[PDB]
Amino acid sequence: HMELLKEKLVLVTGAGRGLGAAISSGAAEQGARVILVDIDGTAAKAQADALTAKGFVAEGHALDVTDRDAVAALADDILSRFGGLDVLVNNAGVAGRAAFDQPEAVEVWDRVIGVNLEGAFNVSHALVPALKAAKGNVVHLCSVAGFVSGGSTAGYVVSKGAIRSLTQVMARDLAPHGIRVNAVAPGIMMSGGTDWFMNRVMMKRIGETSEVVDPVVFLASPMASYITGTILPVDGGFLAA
């Protein structure tokens, strides 16, 4: 009953599972009408149907964020059917495993850069007309890896430092149109591979998925109306250690 996103239209990418599904549900619980898209359209539609059954307003579709024609088609549809977009959450992303001095780093780099950076660019750029019409806002999914190397593969680290910068320059160019642009920077969340994080996090625990959803909703809401260009760590103290 908090209603931070009351009657706002919210598009979440990568919404078929994990954090994206949880952001979609959290936005709906804050009053939003939610468009869920995912490379797996069946999963996006299943999440949307579950939200509809709970009494929320939601729809799901397949979207490959690396396909510029498909991204443009979705943007055109949103503008036509709704007149604008109040919130874009760029959550679609992947990770991988490879050290920089390994040949496998190249394939991993291309895959991860392609979804995490180039896909976020595609969706963000295509949705500018709809965001302008509604004076909406954008929340990107950054990472603690956008600030330090941590333990992730090079393509992931670089994609998230790239998102940090994308947040700043989108904020600059879209401020004259009343569009805020921010990002969250989680550590590891519920949705010795993790020792690099667990050995440094002050709270000595992995964050609950809801604990990343809440800051996303905050940044997308009028509580954050003087916040733009900003990346908010949600990391149990990792970057302060």
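Quick note: we count residues from 1 along the sequence shown, nothing fancier.
Missing coordinates between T52 and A53 amount to none of the deposited residues, so the segment is unbroken. Comparing the deposited coordinates for 124 to 132 and 72 to 80, the stretch with the larger average C-alpha B-factor is 72 to 80.
Here the stretch with the larger average CA B-factor, out of 197 to 205 and 62 to 70, is 197 to 205. Remark: of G151, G119, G161, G155, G151 shows the highest value [criterion: C-alpha B-factor in the PDB entry]. Per the PDB record, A95 has a higher Cα B-factor than any other of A95, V115, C142, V89. For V108, the recorded CA temperature factor ranks within the middle third of the chain's modelled residues.
In the deposited entry, the Cα temperature factor of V234 places it in the lowest third of its chain's modelled residues. The entry lists a Cα temperature factor for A28 that places it in the middle third of the chain's modelled residues. Annotation for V181: CA B-factor lies in the lowest third of the chain's modelled residues.
When the CA B factors of the chain's modelled residues are split into thirds, the value for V34 lands in the lowest one.
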